[PDB]
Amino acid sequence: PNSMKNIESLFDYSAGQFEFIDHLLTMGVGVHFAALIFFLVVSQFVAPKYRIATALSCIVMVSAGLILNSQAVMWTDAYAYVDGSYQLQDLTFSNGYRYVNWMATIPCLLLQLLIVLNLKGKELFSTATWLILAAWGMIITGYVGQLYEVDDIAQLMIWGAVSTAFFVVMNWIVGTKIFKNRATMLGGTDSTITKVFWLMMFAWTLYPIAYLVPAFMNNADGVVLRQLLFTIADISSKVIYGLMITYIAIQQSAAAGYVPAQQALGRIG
């Protein structure tokens, strides 16, 4: 469906290119589901006030892990080694599935940030609402632009400019809440949370770069570079981010007198 609308469908792949992409996606699966088990076992050391932030990391791990797994199977479904190269056999592969999955996972990432920022009640609800509307705005327009990466690069860029507006506004909300709520942060995660902001600015900006590959490297090695960028960005924005969020959750839990958190941190001291 969308498979002919993505540049991956344009090329044959060397075994090297093809298998590297397969292994990137597969490694990504392993990393997300390994991290899942960690988030799972560690959630008992998080106080009830924050426990949802760690649960959201579990959910994101399986959601992203399942899309990466799906992408890897679809990749190997779409191509067969015929006459010295991997050649397209059918329309099973598309990056579009990622975009659709972001509809779920980006709101999860954002909500876990709001929780460890100690937002609650009306502010939590309204902040979350505006954030995920801005995120949905960004994702949807990006998803549309992405359908044009083969036959209309101008349209890719204009949808991307629109998507970037949403992105920039979302980042402004994120950053503003982070920097205005630093003072509430316990133990003293007020320092840690600013690192989380920069990680997000870094990791999330890789996705617009991946998005633009069809405009500056429209060949089989650009296909590889795009999956590499997605891979770097996924483990940064999801796994490393998640670990920091959970660190902040446990640390604030301990500072607030949750004994299992104290015992946990103590037994790694």
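The term rigid core refers to the maximal set of C-alpha atoms that superpose within 1.5 Å between the two forms. From 1 onward, residues are counted along the sequence shown.
Larger average C-alpha displacement in 7 other deposited structures of this protein, relative to the shown form after a rigid core fit, is seen for 89-97 when comparing 185-193 with 89-97. Comparing the deposited coordinates for 228-236 and 43-51, the stretch with the larger average C-alpha B-factor is 43-51. 89-97 and 186-194 differ in mean CA B-factor, and the higher of the two is recorded for 89-97. If you compare the C-alpha temperature factors of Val60, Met201, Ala215, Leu66 in the entry, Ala215 comes out highest.
Based on the entry's C-alpha B-factors, the most elevated value among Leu114, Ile153, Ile139, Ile173 belongs to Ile153. In the deposited entry, the Cα temperature factor of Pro107 sits in the bottom third of values across the chain's modelled residues. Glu149 sits in the highest third of its chain by CA B factor, as recorded in the PDB entry. Among all modelled residues in its chain, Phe11 ranks in the middle third by Cα B-factor. In the PDB entry, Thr129 places in the highest third of its chain by CA B-factor. Ranked by Cα temperature factor within the chain, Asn181 sits in the middle third according to the deposited record.
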